[PDB]
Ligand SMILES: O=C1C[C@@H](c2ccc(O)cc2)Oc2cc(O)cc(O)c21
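Take a look at this single chain, the form solved without the named molecule, given in structure tokens.
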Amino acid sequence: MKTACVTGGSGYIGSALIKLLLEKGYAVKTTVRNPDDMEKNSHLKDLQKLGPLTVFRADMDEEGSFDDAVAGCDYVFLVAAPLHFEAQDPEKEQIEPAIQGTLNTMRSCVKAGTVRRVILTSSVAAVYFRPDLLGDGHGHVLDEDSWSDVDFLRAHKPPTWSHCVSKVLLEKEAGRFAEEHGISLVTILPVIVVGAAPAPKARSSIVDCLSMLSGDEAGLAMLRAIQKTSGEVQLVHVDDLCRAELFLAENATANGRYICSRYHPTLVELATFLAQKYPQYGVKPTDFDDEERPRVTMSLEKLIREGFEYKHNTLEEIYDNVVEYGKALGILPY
């Protein structure tokens, strides 16, 4: 019956979203950059056994190249994103591409004429950087009215500044475009995403949410930075994120942007849980002892108030299947 597009079928979240859509009885069109690279897209053949799944070549840097994948779709899920933070001149090799790639895909949706709603996958990176509140000494519950401070980040350019900036600006641009062209756009703002997916070359948050077990120094540093800034980390199961995305597509009254987040542990509480459940990795929870900081946390109320239900509600349920995914991926050594 209904048809939907997912950009970046080879991606972590995009692969998970394709599965849900097929299981839910959708015809699905997805885009990858190199449909012939079976090292990254071998899962697509398996996913085709669940329902009608069509693969298209596309690149956010090639204008109009999403025209065919998005043609005929009732819903489009803008999941793919550059995400190459790297360095150099981020304003031009990260921020401007991200903004333009988003507008590229948006134009293909207007040219299709069929798209009843675009669902954009942004990030709480576009929510949390509030230099008027961080450093306050007080706790804060941030909601969807909160936007990361682009001006402050451009001025001081702290590490990873271009990530929050890309997300804020691509979302503002996509929203204006949508209003300009009369197309319905809804945005979901995930926290750290945890869980298994079909993608065979996923890295992304799997590396970070598993870093206590692998000892990956970049994942560990990313977790500690979030905790020192917000007094906690925030986690959501990929399958809840996917269901929330589909929920926003299918509920007519859905409107605006939505935090998607479920469990907010401190690092010592997360490490204690992993050490007890997976002792083979030798986690030492005291490695993560930290002061009790004021909590700058994410409000969970918007999706809930509108009738959505998370199914992975405890730490145990959020980590129900990610460890085996990391092992299969090679992210974990055993």
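Numbering starts at 1 and runs along the sequence shown. Rigid core (definition): largest C-alpha set, two forms, superposition within 1.5 Å. Only residues modelled in both forms are compared.
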(message) Quick check: 137 to 145 versus 90 to 98, which has the larger average CA B-factor in the record?
(response) 90 to 98
(request) Report the stretch with the higher mean CA temperature factor, choosing between 60 to 68 and 271 to 279 on the basis of the entry. (result) 60 to 68
(request) Could you check 190, 195, 82, 198 and tell me which one carries the biggest Cα B-factor in the deposited entry? (result) 82
(request) Using the entry's values, work out which of 240, 250, 180, 208 has the largest Cα B factor. (result) 180
(request) Just say lowest, middle or highest third for the CA B-factor of residue 73 relative to the other modelled residues in its chain. (result) highest
(request) Consider only the C-alpha atoms of the modelled residues in this chain, order them by B-factor as the entry records it, and name the third containing residue 33: lowest, middle or highest. (result) highest
(message) Taking only the Cα B-factors deposited for this chain, tell me whether residue 245 sits in the lowest, middle or highest third.
(response) lowest
(message) Ranking the modelled residues of this chain by C-alpha B-factor as given in the entry, is residue 294 in the lowest, middle or highest third?
(response) highest
(message) Ranking the modelled residues of this chain by C-alpha B-factor as given in the entry, is residue 105 in the lowest, middle or highest third?
(response) highest
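In what follows, reference is made to the form solved in complex with the named molecule, a form of this protein that is not presented.
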(message) Can you work out whether residue 234 and the named molecule are in contact in the deposited bound form, taking contact to mean some heavy atom pair no more than 4.5 Å apart?
(response) yes
(message) Can you work out whether residue 258 and the named molecule are in contact in the deposited bound form, taking contact to mean some heavy atom pair no more than 4.5 Å apart?
(response) no
(message) Please determine whether residue 28 contacts the named molecule in the deposited bound form, using a 4.5 Å cut-off between heavy atoms.
(response) no
(message) Given that the named molecule is not shown alongside this chain, does residue 183 nevertheless sit within 4.5 Å of it in the deposited bound form, heavy atom to heavy atom?
(response) no
(message) So if I measure heavy atom distances to the named molecule in the deposited bound form, which of the stretches 221 to 229, 110 to 118, 249 to 257, 173 to 181 falls within 4.5 Å?
(response) 221 to 229
(request) Just give me the single entry in 153, 192, 168, 71 that has a non-hydrogen atom within 4.5 angstroms of the named molecule in the deposited bound form. (result) 192
(message) Only one of 242, 124, 212, 95 gets a heavy atom within 4.5 Å of the named molecule in the deposited bound form. Which one?
(response) 124
(message) Just to make sure I understand: among 287 to 313, which residues lie within 4.5 Å of the named molecule in the deposited bound form, judging by heavy atoms?
(response) 298
(message) Please name the one residue from 200, 219, 82, 90 with a C-alpha displacement of 2 Å or more between this form and the one not shown, using the rigid core for the superposition.
(response) 82
(request) Specify closer or farther for residue 168 and residue 80: how their Cα atoms are spaced in the deposited bound form versus the shown form, given a shift of 3 angstroms or more. (result) closer
(request) Taking the shown form as the reference, report whether the CA atoms of residue 80 and residue 147 lie closer or farther apart in the deposited bound form; the distance changes by 3 angstroms or more. (result) closer
(request) Send over the list of consecutive residue runs, 3+ long, where the C-alpha shift is 2 angstroms or more at every position between this form and the one not shown on a core fit. (result) 80 to 88
